[PDB]
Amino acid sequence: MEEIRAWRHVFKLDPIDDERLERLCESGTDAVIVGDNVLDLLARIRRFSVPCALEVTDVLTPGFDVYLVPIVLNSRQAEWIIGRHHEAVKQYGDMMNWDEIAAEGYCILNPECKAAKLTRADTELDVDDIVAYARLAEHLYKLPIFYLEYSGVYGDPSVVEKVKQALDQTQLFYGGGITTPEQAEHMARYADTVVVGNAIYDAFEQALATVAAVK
């Protein structure tokens, strides 16, 4: 599934037993995102028909359908915007297949999550701020994805609505604290693509139910 525009629901993985992985991959979810050990999980996912993406956070493992490359737009440090990216392309640029690679314009909005701390993300943003990042991602930078990252916490659907209004061709991903079908549905009204991570490990039945709720 290299056509990311059709994704409505995706699951994101970080141990996970075969039974849960099997149910996950056969759930009707549009993709499974992995965010030597990686190869093993990939091979296990390949037993199924679901598209498998690798979200690249370090300076590239073969076998995936899509490679998602975060750019932390609201990071106060150039290394999470261009630095690691430059280092990676300098080292591996000759052998990269860019047709398989999709940039994600991240806006990290949960101060308590590890990514926010690692990247020094300015999370204290009003809706005007986020809308401005969304415009930069589409109209200055030309990224296929703008990603609202609330990882660990559930955000405000009315904010997600405002961001979607500001976007046109750039796809809006939302992720963070979706644990019930109702939470999934509400974000999915506005976000193009809803991402469910943590609930997989803590409340599997409900995490699974988010697929049908998004439809």
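The first residue of the shown sequence is 1; numbering continues from there.
K.L.:
Can you count, per the entry, how many deposited residues between residue 59 and residue 60 come without coordinates? Answer none, 1 to 3, 4 to 9, or 10 or more.
P.N.:
Gap size class: 1 to 3 residues without coordinates, per the record.
K.L.:
I'd like to know the size of any gap between residue 35 and residue 36, counted in deposited residues with no coordinates: none, 1 to 3, 4 to 9, or 10 or more.
P.N.:
Unmodelled stretch: 4 to 9 residues.
K.L.:
Tell me which stretch has the larger mean Cα B-factor in this entry, 156 to 164 or 142 to 150.
P.N.:
Per the PDB entry, the higher value belongs to 156 to 164.
K.L.:
Going by the B-factors listed in the PDB entry, is the mean over the C-alpha atoms higher for 40 to 48 or for 64 to 72?
P.N.:
Between 40 to 48 and 64 to 72, it is 40 to 48.
K.L.:
Thinking about Cα B factors across the chain, which third does residue 192 belong to?
P.N.:
CA B-factor rank for residue 192: lowest third.
K.L.:
Please rank the C-alpha B-factors of the chain's modelled residues and tell me whether residue 110 sits in the lowest, middle or highest third.
P.N.:
Its C-alpha B-factor belongs to the lowest third of this chain's values.
K.L.:
Can you work out whether the C-alpha temperature factor of residue 104 puts it in the lowest, middle or highest third of the chain?
P.N.:
Answer is lowest: the recorded C-alpha B-factor places it there.
K.L.:
By its CA B factor, does residue 30 count among the lowest, middle or highest third of the modelled residues in the chain?
P.N.:
Lowest third, going by the recorded CA B-factors of the chain.
K.L.:
Would you mind checking where the Cα B-factor of residue 116 ranks among the modelled residues of its chain, as the lowest, middle or highest third?
P.N.:
Tercile = middle for this residue's CA B-factor.
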